[PDB]
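S.K.: Got a file for you: structure_39.pdb, PDB, C-alpha atoms.
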ATOM      1  CA  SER A   1       0.000   0.000   0.000
ATOM      2  CA  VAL A   2       1.102   3.625  -0.382
ATOM      3  CA  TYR A   3       0.497   3.818   3.362
ATOM      4  CA  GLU A   4       3.663   2.785   5.139
ATOM      5  CA  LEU A   5       5.548   3.788   8.294
ATOM      6  CA  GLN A   6       9.264   3.545   9.233
ATOM      7  CA  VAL A   7       9.906   2.962  12.929
ATOM      8  CA  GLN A   8      11.223   0.390  15.392
ATOM      9  CA  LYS A   9       8.317  -1.532  16.937
ATOM     10  CA  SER A  10       9.650  -1.676  20.499
ATOM     11  CA  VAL A  11      11.604   0.824  22.623
ATOM     12  CA  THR A  12      12.724   1.545  26.204
ATOM     13  CA  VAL A  13      13.938   4.463  28.306
ATOM     14  CA  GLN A  14      14.974   4.835  31.920
ATOM     15  CA  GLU A  15      12.389   6.743  33.916
ATOM     16  CA  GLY A  16      13.284  10.416  34.133
ATOM     17  CA  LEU A  17      15.443  10.207  31.017
ATOM     18  CA  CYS A  18      14.592  10.631  27.354
ATOM     19  CA  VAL A  19      14.779   8.537  24.174
ATOM     20  CA  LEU A  20      14.426   9.521  20.520
ATOM     21  CA  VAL A  21      12.313   7.423  18.205
ATOM     22  CA  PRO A  22      13.288   8.126  14.617
ATOM     23  CA  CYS A  23      10.220   7.649  12.404
ATOM     24  CA  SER A  24       9.228   8.069   8.741
ATOM     25  CA  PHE A  25       5.955   7.800   6.850
ATOM     26  CA  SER A  26       4.565   7.749   3.322
ATOM     27  CA  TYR A  27       1.042   8.307   2.125
ATOM     28  CA  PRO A  28      -0.788   8.526  -1.213
ATOM     29  CA  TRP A  29      -1.279  12.132  -2.097
ATOM     30  CA  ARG A  30      -2.771  13.560  -5.342
ATOM     31  CA  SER A  31      -0.493  16.553  -5.800
ATOM     32  CA  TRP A  32      -1.221  19.569  -7.999
ATOM     33  CA  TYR A  33      -2.184  23.123  -6.908
ATOM     34  CA  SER A  34      -4.241  21.633  -4.042
ATOM     35  CA  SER A  35      -2.141  22.037  -0.905
ATOM     36  CA  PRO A  36      -4.180  21.583   2.318
ATOM     37  CA  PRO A  37      -2.410  21.308   5.706
ATOM     38  CA  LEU A  38      -0.839  17.970   6.658
ATOM     39  CA  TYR A  39      -1.656  16.845  10.136
ATOM     40  CA  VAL A  40      -0.143  13.875  11.927
ATOM     41  CA  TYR A  41      -0.807  12.529  15.438
ATOM     42  CA  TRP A  42       0.483   9.988  17.922
ATOM     43  CA  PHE A  43      -2.271   8.268  19.942
ATOM     44  CA  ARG A  44      -2.349   5.755  22.753
ATOM     45  CA  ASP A  45      -3.437   2.332  21.524
ATOM     46  CA  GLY A  46      -7.166   1.859  21.845
ATOM     47  CA  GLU A  47      -8.286   5.478  21.471
ATOM     48  CA  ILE A  48     -10.449   6.757  18.643
ATOM     49  CA  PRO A  49      -8.910   9.645  16.663
ATOM     50  CA  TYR A  50     -12.170  11.579  16.470
ATOM     51  CA  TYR A  51     -12.511  11.774  20.228
ATOM     52  CA  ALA A  52      -9.023  11.328  21.581
ATOM     53  CA  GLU A  53      -6.428  13.741  22.846
ATOM     54  CA  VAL A  54      -3.132  13.382  21.068
ATOM     55  CA  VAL A  55      -0.076  12.000  22.764
ATOM     56  CA  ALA A  56       1.716  14.376  20.324
ATOM     57  CA  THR A  57       0.648  16.277  17.155
ATOM     58  CA  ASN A  58       1.216  19.227  14.774
ATOM     59  CA  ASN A  59      -2.474  20.179  14.624
ATOM     60  CA  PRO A  60      -2.698  23.451  16.611
ATOM     61  CA  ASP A  61      -6.319  22.685  17.385
ATOM     62  CA  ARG A  62      -6.192  19.213  18.801
ATOM     63  CA  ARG A  63      -5.906  19.048  22.580
ATOM     64  CA  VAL A  64      -2.916  17.192  24.003
ATOM     65  CA  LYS A  65      -3.067  14.804  26.934
ATOM     66  CA  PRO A  66      -2.010  16.892  29.948
ATOM     67  CA  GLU A  67       0.006  13.809  30.870
ATOM     68  CA  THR A  68       2.309  14.224  27.873
ATOM     69  CA  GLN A  69       2.253  17.977  27.129
ATOM     70  CA  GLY A  70       5.907  18.940  26.833
ATOM     71  CA  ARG A  71       7.393  15.436  27.043
ATOM     72  CA  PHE A  72       6.328  13.746  23.808
ATOM     73  CA  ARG A  73       7.416  16.056  20.998
ATOM     74  CA  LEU A  74       7.354  15.503  17.234
ATOM     75  CA  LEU A  75      10.651  16.453  15.564
ATOM     76  CA  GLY A  76      11.896  17.785  12.276
ATOM     77  CA  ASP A  77       9.882  18.478   9.183
ATOM     78  CA  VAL A  78       6.648  16.669   8.406
ATOM     79  CA  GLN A  79       6.729  17.948   4.832
ATOM     80  CA  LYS A  80       9.765  15.672   4.792
ATOM     81  CA  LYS A  81       8.321  12.352   5.966
ATOM     82  CA  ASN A  82       9.474  13.020   9.544
ATOM     83  CA  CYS A  83       7.370  11.572  12.376
ATOM     84  CA  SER A  84      10.117  11.240  14.941
ATOM     85  CA  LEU A  85       8.558  11.094  18.373
ATOM     86  CA  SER A  86      11.050  12.567  20.825
ATOM     87  CA  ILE A  87       9.964  11.104  24.166
ATOM     88  CA  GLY A  88      11.213  13.099  27.122
ATOM     89  CA  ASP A  89      11.353  12.638  30.877
ATOM     90  CA  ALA A  90      10.098   9.086  30.563
ATOM     91  CA  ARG A  91       7.541   8.280  33.240
ATOM     92  CA  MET A  92       6.646   4.743  34.252
ATOM     93  CA  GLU A  93       3.068   5.503  33.129
ATOM     94  CA  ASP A  94       4.155   6.066  29.524
ATOM     95  CA  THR A  95       4.693   2.348  29.170
ATOM     96  CA  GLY A  96       2.422   1.155  26.386
ATOM     97  CA  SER A  97       1.443   0.837  22.748
ATOM     98  CA  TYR A  98       1.040   3.852  20.403
ATOM     99  CA  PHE A  99      -0.158   4.384  16.826
ATOM    100  CA  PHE A 100       0.501   7.175  14.299
ATOM    101  CA  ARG A 101      -1.931   8.902  11.935
ATOM    102  CA  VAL A 102      -2.012  11.316   9.033
ATOM    103  CA  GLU A 103      -4.799  13.547   7.851
ATOM    104  CA  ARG A 104      -4.632  15.702   4.785
ATOM    105  CA  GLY A 105      -7.684  17.034   3.000
ATOM    106  CA  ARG A 106     -10.907  15.034   3.107
ATOM    107  CA  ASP A 107      -9.725  11.675   1.732
ATOM    108  CA  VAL A 108      -6.327  11.074   3.343
ATOM    109  CA  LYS A 109      -7.072   9.653   6.785
ATOM    110  CA  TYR A 110      -5.343   6.637   8.233
ATOM    111  CA  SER A 111      -3.998   5.147  11.452
ATOM    112  CA  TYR A 112      -1.056   2.820  10.790
ATOM    113  CA  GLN A 113      -2.198  -0.084  12.985
ATOM    114  CA  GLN A 114       0.388  -2.306  11.310
ATOM    115  CA  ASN A 115       3.412  -0.395  12.602
ATOM    116  CA  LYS A 116       2.605   0.293  16.288
ATOM    117  CA  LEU A 117       5.157   1.380  18.914
ATOM    118  CA  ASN A 118       5.959  -0.031  22.339
ATOM    119  CA  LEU A 119       7.345   2.150  25.057
ATOM    120  CA  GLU A 120       8.852   0.316  28.022
ATOM    121  CA  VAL A 121       9.704   2.618  30.896
ATOM    122  CA  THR A 122      12.183   0.884  33.192
ATOM    123  CA  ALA A 123      13.590   2.137  36.516
ATOM    124  CA  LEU A 124      16.441   4.688  36.602
ATOM    125  CA  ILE A 125      19.893   3.197  37.104
ATOM    126  CA  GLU A 126      21.931   5.892  35.377
ATOM    127  CA  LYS A 127      23.972   7.993  37.725
ATOM    128  CA  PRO A 128      25.116  11.559  37.094
ATOM    129  CA  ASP A 129      28.530  12.559  35.824
ATOM    130  CA  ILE A 130      30.977  14.605  37.889
ATOM    131  CA  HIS A 131      33.532  16.242  35.623
ATOM    132  CA  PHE A 132      36.602  18.347  36.350
ATOM    133  CA  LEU A 133      39.760  19.059  34.329
ATOM    134  CA  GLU A 134      41.518  16.623  36.702
ATOM    135  CA  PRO A 135      43.772  19.214  38.403
ATOM    136  CA  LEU A 136      42.883  18.307  42.014
ATOM    137  CA  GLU A 137      45.408  20.760  43.486
ATOM    138  CA  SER A 138      45.155  22.206  46.993
ATOM    139  CA  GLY A 139      44.834  25.971  47.423
ATOM    140  CA  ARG A 140      43.553  26.266  43.857
ATOM    141  CA  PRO A 141      39.969  26.907  42.621
ATOM    142  CA  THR A 142      38.616  24.323  40.170
ATOM    143  CA  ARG A 143      35.223  23.890  38.490
ATOM    144  CA  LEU A 144      33.190  20.681  38.665
ATOM    145  CA  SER A 145      30.115  20.159  36.516
ATOM    146  CA  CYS A 146      27.539  17.460  37.221
ATOM    147  CA  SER A 147      25.253  16.084  34.509
ATOM    148  CA  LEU A 148      22.935  13.167  33.782
ATOM    149  CA  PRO A 149      23.638  11.477  30.441
ATOM    150  CA  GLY A 150      20.737  11.128  28.012
ATOM    151  CA  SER A 151      18.578  13.805  29.624
ATOM    152  CA  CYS A 152      16.422  16.447  27.948
ATOM    153  CA  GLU A 153      15.278  19.816  29.222
ATOM    154  CA  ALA A 154      11.783  18.715  28.216
ATOM    155  CA  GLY A 155      10.157  18.267  31.609
ATOM    156  CA  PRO A 156      10.579  20.311  34.841
ATOM    157  CA  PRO A 157      14.243  21.354  35.248
ATOM    158  CA  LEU A 158      16.512  18.955  37.096
ATOM    159  CA  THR A 159      17.783  19.951  40.537
ATOM    160  CA  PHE A 160      21.352  19.670  41.849
ATOM    161  CA  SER A 161      22.769  19.228  45.336
ATOM    162  CA  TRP A 162      26.336  18.268  46.202
ATOM    163  CA  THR A 163      27.470  16.594  49.424
ATOM    164  CA  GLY A 164      30.666  15.738  51.278
ATOM    165  CA  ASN A 165      32.800  17.031  54.144
ATOM    166  CA  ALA A 166      34.569  18.974  51.410
ATOM    167  CA  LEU A 167      31.455  21.172  51.143
ATOM    168  CA  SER A 168      31.004  22.301  54.768
ATOM    169  CA  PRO A 169      33.665  25.021  54.118
ATOM    170  CA  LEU A 170      31.484  26.792  51.511
ATOM    171  CA  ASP A 171      28.001  28.334  51.328
ATOM    172  CA  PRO A 172      25.036  25.907  51.514
ATOM    173  CA  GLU A 173      23.564  28.349  48.995
ATOM    174  CA  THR A 174      25.771  27.618  45.968
ATOM    175  CA  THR A 175      25.598  23.851  46.518
ATOM    176  CA  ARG A 176      22.482  23.698  44.365
ATOM    177  CA  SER A 177      23.991  24.816  41.059
ATOM    178  CA  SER A 178      24.683  22.241  38.339
ATOM    179  CA  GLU A 179      28.270  23.390  38.308
ATOM    180  CA  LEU A 180      30.393  23.946  41.393
ATOM    181  CA  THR A 181      33.746  25.674  41.798
ATOM    182  CA  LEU A 182      35.924  24.722  44.745
ATOM    183  CA  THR A 183      39.181  25.459  46.563
ATOM    184  CA  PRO A 184      40.390  22.226  48.293
ATOM    185  CA  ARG A 185      42.242  21.853  51.589
ATOM    186  CA  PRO A 186      44.473  19.064  52.952
ATOM    187  CA  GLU A 187      41.474  17.796  54.938
ATOM    188  CA  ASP A 188      39.470  17.420  51.723
ATOM    189  CA  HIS A 189      42.002  14.914  50.354
ATOM    190  CA  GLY A 190      40.488  11.431  50.247
ATOM    191  CA  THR A 191      37.068  12.834  51.055
ATOM    192  CA  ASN A 192      33.798  11.833  49.393
ATOM    193  CA  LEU A 193      32.042  14.319  47.184
ATOM    194  CA  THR A 194      28.537  13.595  45.947
ATOM    195  CA  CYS A 195      26.071  14.989  43.418
ATOM    196  CA  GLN A 196      22.325  14.328  43.578
ATOM    197  CA  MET A 197      19.900  15.159  40.774
ATOM    198  CA  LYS A 198      16.085  15.234  40.935
ATOM    199  CA  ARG A 199      13.251  16.221  38.571
ATOM    200  CA  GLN A 200      11.421  18.721  40.807
ATOM    201  CA  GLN A 201      11.215  10.861  43.648
ATOM    202  CA  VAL A 202      14.262   9.257  42.023
ATOM    203  CA  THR A 203      17.642   8.107  43.373
ATOM    204  CA  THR A 204      20.516   9.383  41.239
ATOM    205  CA  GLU A 205      23.830  10.311  42.760
ATOM    206  CA  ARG A 206      27.491   9.875  41.932
ATOM    207  CA  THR A 207      30.017   9.977  44.739
ATOM    208  CA  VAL A 208      33.665  10.464  43.923
ATOM    209  CA  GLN A 209      36.738  10.125  46.093
ATOM    210  CA  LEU A 210      38.907  13.234  46.021
ATOM    211  CA  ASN A 211      42.614  13.110  45.223
ATOM    212  CA  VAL A 212      43.876  16.547  46.318
ATOM    213  CA  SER A 213      47.640  16.974  45.890
ATOM    214  CA  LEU A 214      50.769  19.051  46.581
TER     215      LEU A 214
END
Would you mind writing the structure in this file as structure tokens?
M.R.:
Amino acid sequence: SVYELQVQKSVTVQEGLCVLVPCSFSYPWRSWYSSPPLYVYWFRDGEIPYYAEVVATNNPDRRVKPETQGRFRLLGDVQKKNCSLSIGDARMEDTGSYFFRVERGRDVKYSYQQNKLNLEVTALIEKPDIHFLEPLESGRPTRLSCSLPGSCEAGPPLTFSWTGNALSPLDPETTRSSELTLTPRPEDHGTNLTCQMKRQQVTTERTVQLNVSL
């Protein structure tokens, strides 16, 4: 059939993180002057287009499930066969089946029930990433940045909070910034530094053992 969709049938993301489902679609047109808007939609399996809220869509009229507003986002150009569903801030609840649909003019209307998707939202194991130039020299200010791999800025901003006896010397105020500059002491050497990240209730932290020197 001229109706065909390109996209892996099953997928998985760690809760709180975000995956990227590349997708592509074709549909019989009937080109010539006539150029009505092309609307596509992602729906949860089981729902009826006519009365369902989109999981994601480019139709500025169709309501979007409050649940997914901001997290499921269609990428690229649709005029260019692109139906890539960028899933963000995976939530256990998102686990499920999903179908795609196109609508153009009065006669092009179809839900690809042959090529469904399967989102599996597994628990979060990933731990942040503490990163510093590797100087680790006493009496010298260095900058550490903490980040969670494979994370989008789709959902509510992530929160940072460092920990370790090496922190007590500074202001409990600037211990909440993603990045943290520090000036180590002999005491700090061999101490545990930690970074915890939340999404505005997960457990993600990376503790590193300091190697201050000279």
S.K.: List, as a ChimeraX atom specification, every residue that the PyMOL selection byres ((chain A and resi 148) around 8) selects in the file provided.
M.R.: /A:126-129,146-147,149-151,197
S.K.: For residue 140 of chain A, please output as a PyMOL selection string all residues within 10 Å (counting only C-alpha atoms; exclusion window: fewer than 4 positions along the same chain).
M.R.: chain A and resi 135-136+182-185
S.K.: Could you please give me, as a ChimeraX atom specification, the residues of protein, DNA or RNA lying at most 10 Å from (45.5, 15.8, 51.3) in the coordinate frame of the file, considering all atoms listed in the file?
M.R.: /A:136-138,184-191,210-214
S.K.: Given the selection you just returned, output its residues as a file containing C-alpha atoms, formatted as an mmCIF file, keeping the file's coordinate frame.
M.R.:
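The resulting file, again-v1.cif, is reproduced below:
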data_model
loop_
_atom_site.group_PDB
_atom_site.id
_atom_site.type_symbol
_atom_site.label_atom_id
_atom_site.label_comp_id
_atom_site.auth_asym_id
_atom_site.auth_seq_id
_atom_site.Cartn_x
_atom_site.Cartn_y
_atom_site.Cartn_z
ATOM 1 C CA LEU A 136 42.883 18.307 42.014
ATOM 2 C CA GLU A 137 45.408 20.760 43.486
ATOM 3 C CA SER A 138 45.155 22.206 46.993
ATOM 4 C CA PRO A 184 40.390 22.226 48.293
ATOM 5 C CA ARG A 185 42.242 21.853 51.589
ATOM 6 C CA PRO A 186 44.473 19.064 52.952
ATOM 7 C CA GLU A 187 41.474 17.796 54.938
ATOM 8 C CA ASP A 188 39.470 17.420 51.723
ATOM 9 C CA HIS A 189 42.002 14.914 50.354
ATOM 10 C CA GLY A 190 40.488 11.431 50.247
ATOM 11 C CA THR A 191 37.068 12.834 51.055
ATOM 12 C CA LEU A 210 38.907 13.234 46.021
ATOM 13 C CA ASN A 211 42.614 13.110 45.223
ATOM 14 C CA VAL A 212 43.876 16.547 46.318
ATOM 15 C CA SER A 213 47.640 16.974 45.890
ATOM 16 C CA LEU A 214 50.769 19.051 46.581
#
S.K.: If I put a ball of radius 6 Å at (11.3, 8.1, 34.5) in the file's coordinates, which residues poke into it when counting all atoms listed in the file, written as a ChimeraX atom specification?
M.R.: /A:14-17,89-92
S.K.: Atom CA of residue 76 of chain A and atom CA of residue 158 of chain A, how far apart in Å?
M.R.: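 Going from atom CA of residue 158 of chain A over to atom CA of residue 76 of chain A covers 25.3 Å.
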S.K.: Using all atoms listed in the file, can you tell me which of A:208, A:179, A:25, A:34 comes closest to residue 110 of chain A?
M.R.: A:25
S.K.: Which one of A:31, A:165, A:207, A:142 sits closest to residue 105 of chain A if you count only C-alpha atoms?
M.R.: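 Answer, going by the shortest atom-to-atom distance: A:31.
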S.K.: Atom CA of residue 93 of chain A and atom CA of residue 4 of chain A, how far apart in Å?
M.R.: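 Value for the atom CA of residue 4 of chain A-atom CA of residue 93 of chain A distance: 28.1 Å.
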S.K.: Just how far from atom CA of residue 45 of chain A is atom CA of residue 113 of chain A, in Å to one decimal?
M.R.: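 Atom-to-atom, atom CA of residue 113 of chain A and atom CA of residue 45 of chain A are spaced 9.0 Å apart.
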S.K.: Give me the residues within 12 Å of residue 181 of chain A as a VMD selection string, counting only C-alpha atoms and dropping any in the same chain fewer than 2 places off.
M.R.: chain A and resid 131 to 133 136 140 to 146 162 166 to 167 170 to 171 174 to 179 183 to 184
S.K.: Within 10 Å of segment 53-64 of chain A, which residues of segment 83-129 of chain A come that close, and what is the closest atom pair and distance in Å for each? Count all atoms listed in the file and give it as a tab-separated table.
M.R.:
residue	atom	partner	partner_atom	distance
A:83	CA	A:57	CA	9.5
A:85	CA	A:56	CA	7.8
A:86	CA	A:56	CA	9.5
A:87	CA	A:56	CA	9.7
A:94	CA	A:55	CA	9.9
A:98	CA	A:55	CA	8.6
A:99	CA	A:55	CA	9.7
A:100	CA	A:56	CA	9.5
A:101	CA	A:57	CA	9.4
A:102	CA	A:57	CA	9.9
A:103	CA	A:59	CA	9.8
S.K.: Could you give me, as number ranges by chain, the residues within 8 Å of residue 26 of chain A, counting all atoms listed in the file and dropping anything in the same chain fewer than 4 positions from it?
M.R.: A: 2-5, 81
S.K.: Carefully work through the PyMOL selection byres ((chain A and resi 199) around 8) for this structure and note down the residues it includes, as an MDAnalysis selection string.
M.R.: chainID A and resid 16 155:159 197:198 200:202
S.K.: What lies within 7 Å of residue 9 of chain A using only C-alpha atoms, ignoring chain neighbours under 3 positions off, as a list in words?
M.R.: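 Residues near the query, excluding close chain neighbours: residues 115, 116, 117 and 118 of chain A.
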S.K.: Pick the closest to residue 11 of chain A from A:40, A:74, A:48, A:121: which is it, counting only C-alpha atoms?
M.R.: A:121
